[PDB]
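Structure first, commentary second.
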Amino acid sequence: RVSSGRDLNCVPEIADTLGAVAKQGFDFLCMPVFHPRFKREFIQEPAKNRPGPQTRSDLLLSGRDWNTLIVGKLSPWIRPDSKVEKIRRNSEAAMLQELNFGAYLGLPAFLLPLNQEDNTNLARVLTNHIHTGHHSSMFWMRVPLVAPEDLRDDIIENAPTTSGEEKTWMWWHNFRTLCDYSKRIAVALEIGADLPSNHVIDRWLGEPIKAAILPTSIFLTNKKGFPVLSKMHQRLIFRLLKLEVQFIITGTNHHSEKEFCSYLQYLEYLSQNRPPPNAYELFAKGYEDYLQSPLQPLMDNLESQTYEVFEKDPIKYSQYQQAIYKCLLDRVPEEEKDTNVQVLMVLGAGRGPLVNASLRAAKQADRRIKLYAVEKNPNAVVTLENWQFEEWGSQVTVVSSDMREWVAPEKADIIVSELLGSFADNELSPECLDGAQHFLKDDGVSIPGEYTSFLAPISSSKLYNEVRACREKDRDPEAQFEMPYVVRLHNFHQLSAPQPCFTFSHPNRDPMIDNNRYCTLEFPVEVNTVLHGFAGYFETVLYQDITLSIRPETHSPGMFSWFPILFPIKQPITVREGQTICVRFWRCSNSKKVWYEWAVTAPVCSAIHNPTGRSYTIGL
Amino acid sequence: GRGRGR
Ligand SMILES: Nc1ncnc2c1ncn2[C@@H]1O[C@H](C[C@@H](N)CC[C@H](N)C(=O)O)[C@@H](O)[C@H]1O
């Protein structure tokens, strides 16, 4: 159910207006706290001595109504960046007064307009207000998609019309930078009569958009007179509905022969006819842009309620079963089916899902198998013992050890193990598998047979703000930027297509094994945008054509086990069209720990993040 | 932590 409100400038009486607006079906009302035309003076002597109340008292509504139903709008006559000293001084005083009154009321949100090239003084006043007191109101910067000077008609003889398509965004960015990416400043994207190129909308959708303002003049007239959005505004509204922005319908009823509610109703219709969420999206709901630390099973034991979520995925284990089936068919010919017994070793059996998959694969392939299930977490070993005693029986042998420290009784025909993370090697799968190789038969195979990790630059002020919010005390203040986070990228914009890095193959039988890696990636850029970090995905080949992947263009259908990973950078890197982002990644180890270092070089050389694993390491 | 995080 889409949450939408109403924007008004004439409010003769608050109670009646709220009643009517609620009756029409809106959720909240955006109004001016002070009368828009009631200019006020603070310096001039005769004028500033104005008696009587400045604005309607706050007792008019209950304390709850202000906190949920009202959104304050700054007076239009205020212009902090005026070029006249008296006007600017009065504007500063009035804006501070209005912000203070809004905070006093308890307003959930306050609207401020960005309809000028320069907003430095306004930003200064807003920043001063944000750092004073103990208020919590959010601030929505009403900024249009197309600057007013560009959408005006060409009816002036002395001045004909016409990077110019992006100027509005530059107004936002600068303002944001002046406020230092405050968590309390959001964007109220004011949609226009016509949309810009797809790239502009893509860049905008990466911004922290909280509300979208729809004028009543956008809607077209259908065959029966009801309002209807254009065919491209429809797609844009769908894209916004992918986010959870609130729609504010502004203007007057351009369709007098119909009730205003129609404008709302149509929106609701688009909300109800939105394409249904898929299984993956439904699974991921509630964790969009929710930073999480990766799992490091090699050093820290998992809990049962993590294996529970690991088991919900049906795609992963079906693919593993198919891979085992194909491998068993390939290795054992039909004539040798009777006596050829293949040895399978599951490494990291967990609570026995992969053991069940292997047994099922052998059963359907008609090939006999012996099974060794290795596991280190003793808690999972208890479950494996119960499974073995009750149901698997003699066919499965459970071992409680680390495969790097285990001494197998016989060599393995097939090795099966999933030890991958968001990044393919994030979970130290290569380190464990290389050690495990010592008990792998000469012609045996390993599943997965190979895995690669792909990296792609991203832009997301939301994620940058979360990373900054991960400021924990008793550690380096910059440490939060020097560690990866596994998170479902939702409010982000992809600057370029992912590229491969750090490929791994098993079994690796080169003369001297080395797991340290170094990769340099160059990403073209198509729009002036700010890079905030790099998102990492992984792809993997289990056996021949059987594969798993979370890369956006080849995502496995419905496989929701893994989320992308995020490597942030300390300072946003501004990049212009035609430039190339040159990032460099190092996977380093010292036989006791493993870490990742990353540095940007081409646009503007950045510092080497996480040197010598000072801020993030995986125990080995 | 559902997904691949804590
Ligand atoms: N070096 C290691 N030696 C032994 N077990 C390990 C090692 N590294 C990881 N593991 C185990 O591998 C398991 C990983 C799997 N359980 C994860 C989910 C998997 N689908 C399963 O249910 O088996 C955990 O029980 C880890 O304790």
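These protein sequences, in sequence, are chains J and M.
Going by PDB author numbering, the letters in the first sequence line up with residues 13 to 174, 180 to 637, in that order.
Using PDB author numbering, read the second sequence as starting at 109 and increasing by one per residue.
Even for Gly, the Cβ is constructed at its ideal location relative to N, Cα and C.
- Item | Rounded Cβ spacing between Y468 of chain J and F555 of chain J (contact assumed at less than 8 Å) | Against the first sequence, residue 468 of chain J aligns to sequence position 451. Against the first sequence, residue 555 of chain J aligns to sequence position 538. Going by Cβ atoms, the distance from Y468 of chain J to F555 of chain J rounds to 6 Å, so yes, they are a contact pair.
- Every unbroken alpha helix (DSSP H) within the region 435 to 464 of chain J, with a cutoff of 4 residues, ordered by chain: As summarised for the region 435 to 464 of chain J, the continuous alpha helix (DSSP H) elements at least 4 residues long and confined to that stretch are 446 to 453, given in chain order.
- Beta-carbon separation of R348 of chain J and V462 of chain J under 9 Å? On the first sequence, position 331 is the one that residue 348 of chain J refers to. On the first sequence, position 445 is the one that residue 462 of chain J refers to. Against a cut-off of 9 Å, the Cβ pair of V462 of chain J and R348 of chain J comes out as a contact.
- Item | beta-carbon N508 of chain J near ligand 1 non-hydrogen atom, thresh 8 Å | Along the first sequence, one-based indexing puts residue 508 of chain J at 491. Distance from the C-beta of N508 of chain J to the nearest heavy atom of ligand 1 is not below 8 Å.
- Message: Within a Cβ cutoff of 8 Å, which residues of the same chain sit near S214 of chain J, ignoring the five residues on either side of it in sequence?
- Response: As a working note, residue 214 of chain J is residue 197 in the first sequence. So the list reads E182, once near-sequence residues are dropped.
- Query: What residue ranges within the region 292 to 346 of chain J form continuous alpha helix (DSSP H) runs of no fewer than 4 residues, ordered along the chain?
  - Reply: Those alpha helix (DSSP H) runs which fall completely within the region 292 to 346 of chain J and span 4+ residues are 296 to 301 and 321 to 329.
- Task: Report the option in J:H549, J:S234, J:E224 and J:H507 whose CA atom is closest to the CA atom of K302 of chain J.
- Result: Here residue 302 of chain J refers to the residue found at position 285 when the first sequence is read from its first residue. Of all alpha-carbon atoms in J:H549, J:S234, J:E224 and J:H507, the one lying nearest the alpha-carbon of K302 of chain J is that of J:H507.
- Item | Residues of the region 324 to 346 of chain J with Cβ closer than 7 Å to any Cβ of chain M, in chain order | Within the region 324 to 346 of chain J, those residues whose Cβ lies closer than 7 Å to any Cβ of chain M are, in chain order, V326.
- Kindly indicate which residue of J:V424, J:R492, J:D419 and J:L388 has the alpha-carbon position closest to the one of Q412 of chain J. Taking the first residue of the first sequence as 1, we reach residue 412 of chain J at position 395. Among J:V424, J:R492, J:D419 and J:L388, the Cα nearest to that of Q412 of chain J belongs to J:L388.
- When Cβ atoms are compared, which residues of the region 294 to 312 of chain J fall closer than 9 Å to chain M? Going along the region 294 to 312 of chain J in chain order, one finds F300, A301, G303, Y304, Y307, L308, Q309, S310, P311 and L312 with a Cβ nearer than 9 Å to chain M.
- the region 580 to 601 of chain J: which residues have C-beta closer than 8 Å to a C-beta of chain M, in chain order? Listed in sequence order: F580.
- Task: Please list the partners that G466 of chain J has in chain M, where partner means a Cβ-to-Cβ separation under 7 Å.
- Result: Residue mapping note: residue 466 of chain J aligns to position 449 of the first sequence, counting from 1. Result: empty, since nearest Cβ-Cβ is about 21 Å, beyond 7 Å.
- Item | Pair within 9 Å by beta-carbon distance, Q263 of chain J and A229 of chain J | Locating residue 263 of chain J in the first sequence gives position 246, counting from the first residue. Locating residue 229 of chain J in the first sequence gives position 212, counting from the first residue. Yes, Cβ-Cβ distance for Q263 of chain J and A229 of chain J is below 9 Å.
- Query: Under the rule that 16 or more other beta-carbon atoms within 10 Å means buried, what is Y481 of chain J, buried or exposed?
  - Reply: The sequence position of residue 481 of chain J within the first sequence is 464, counting from 1. Burial state of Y481 of chain J is buried, judged by a 10 Å Cβ sphere holding 16 or more other Cβ atoms.
- Query: Got a sec? Which residues, its chain only, sit under 7 Å from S199 of chain J by beta carbon, not counting five neighbours each side?
  - Reply: Your numbering for residue 199 of chain J matches position 182 in the first sequence. In chain order, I142 place their CB closer than 7 Å to the CB of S199 of chain J, counting only its own chain and leaving out the 5 sequence neighbours on each side.
- Stretch pair the region 307 to 314 of chain J + the region 270 to 287 of chain J: three plus CB contacts closer than 8 Å: For the pair of segments examined, the region 307 to 314 of chain J was found not to touch the region 270 to 287 of chain J: the number of CB pairs separated by less than 8 Å stays below three.
- In three-state DSSP terms, what is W221 of chain J? Mapped onto the first sequence, residue 221 of chain J falls at position 204. Per DSSP, reduced to three states, the secondary structure at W221 of chain J is helical.
- Residue-level contact to chain M via CB, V503 of chain J, 9 Å cutoff: Taking the first sequence and counting its residues from 1, one reaches residue 503 of chain J at position 486. Closer than 9 Å: yes.
- Message: For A34 of chain J, report the span of its alpha helix (DSSP H) as first-last.
- Response: The residue you call residue 34 of chain J lines up with position 22 of the first sequence. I26 to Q36 is the extent of the alpha helix (DSSP H) around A34 of chain J.
- Item | Bounding residues of the beta strand (DSSP E) (the contiguous stretch that carries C487 of chain J) | The residue you call residue 487 of chain J lines up with position 470 of the first sequence. Note, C487 of chain J: premise wrong, no beta strand (DSSP E); not H, not E.
- Per DSSP, which one or two residues make a beta bridge with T267 of chain J? Against the first sequence, residue 267 of chain J aligns to sequence position 250. Answer by DSSP bridge pairing, in chain order: J:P232.
- By a C-beta neighbour count over all protein chains shown, 10 Å radius and 16 as the cutoff for buried, is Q338 of chain J buried or exposed? Counting from one through the first sequence, the residue named residue 338 of chain J turns up at place 321. Under this definition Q338 of chain J is a buried residue.
- Cross-chain neighbours of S578 of chain J in chain M, by beta carbon under 9 Å: Counting from one through the first sequence, the residue named residue 578 of chain J turns up at place 561. Under the 9 Å cutoff, chain M gives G111 and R112.
- Message: Within 10 Å of its beta-carbon, does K227 of chain J have 16 or more other beta-carbons around it, so buried, or fewer, so exposed?
- Response: Here residue 227 of chain J refers to the residue found at position 210 when the first sequence is read from its first residue. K227 of chain J is buried by the Cβ-count criterion.
- Under 7 Å between beta-carbons, which chain M residues line up against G438 of chain J? List them in chain order, please. As a first step, residue 438 of chain J is located in the first sequence; it is residue number 421 there, counting from the start. At a C-beta separation below 7 Å, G438 of chain J has these neighbours in chain M: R112.
- Query: Since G630 of chain J contacts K610 of chain J with CB under 8 Å, what's their CB separation in whole angstroms?
  - Reply: Residue numbering aside, residue 630 of chain J sits at position 613 when the first sequence is read from its first letter. Residue numbering aside, residue 610 of chain J sits at position 593 when the first sequence is read from its first letter. Taking the Cβ atoms as the reference, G630 of chain J lies roughly 6 Å from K610 of chain J, within the contact range of under 8 Å.
- Going along the chain, which residues of its own chain have a beta-carbon closer than 7 Å to the beta-carbon of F456 of chain J, five neighbours each way excluded? Taking the first sequence and counting its residues from 1, one reaches residue 456 of chain J at position 439. For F456 of chain J, where only same-chain residues beyond five positions count, the Cβ hits under 7 Å are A425, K428 and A429.
- Tell me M362 of chain J's beta-bridge partners as DSSP assigns them. Your numbering for residue 362 of chain J matches position 345 in the first sequence. Under DSSP, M362 of chain J forms a beta bridge with J:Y389 and J:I432.
- Report the three-state DSSP secondary structure of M153 of chain J (helix, strand or coil). Indexing the first sequence from 1 puts residue 153 of chain J at position 141. In the structure shown, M153 of chain J sits in a strand (DSSP, three-state: E or B).
- Please state whether DSSP places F255 of chain J in a helix, a strand or coil. Position 238 of the first sequence, counted from the first residue, corresponds to residue 255 of chain J. Helix.
- Task: Please classify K200 of chain J: does DSSP put it in a helix, a strand, or coil?
- Result: Taking the first residue of the first sequence as position 1, residue 200 of chain J is located at position 183. When secondary structure is reduced to three states using DSSP, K200 of chain J falls in the coil class, being assigned neither helix nor strand.
- Considering only the beta carbon of each residue, do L512 of chain J and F540 of chain J sit closer than 9 Å? Working through the first sequence from its first residue, we reach residue 512 of chain J at position 495. Working through the first sequence from its first residue, we reach residue 540 of chain J at position 523. Yes, Cβ-Cβ distance for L512 of chain J and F540 of chain J is below 9 Å.
- Short Cβ contact (9 Å threshold) for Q313 of chain J with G553 of chain J: To locate residue 313 of chain J, count along the first sequence from 1; it is residue 296. To locate residue 553 of chain J, count along the first sequence from 1; it is residue 536. In this structure, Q313 of chain J keeps its C-beta atom at 9 Å or more from the C-beta atom of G553 of chain J.
- C-beta contact flag for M107 of chain J and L126 of chain J at 9 Å: As a first step, residue 107 of chain J must be located in the first sequence, where it is residue number 95. As a first step, residue 126 of chain J must be located in the first sequence, where it is residue number 114. No, the pair does not count as a contact, with Cβ atoms beyond the cut-off.
- Would you say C449 of chain J touches ligand 2, meaning its beta carbon is less than 8 Å from a heavy atom? With respect to ligand 2, the structure offers nothing, as its ligand set consists of ligand 1.
- Message: Taking the alpha helix (DSSP H) that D165 of chain J belongs to, which residues open and close that run?
- Response: Position 153 of the first sequence, counting from 1, holds the residue named residue 165 of chain J. No alpha helix (DSSP H) holds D165 of chain J; DSSP gives it neither H nor E.
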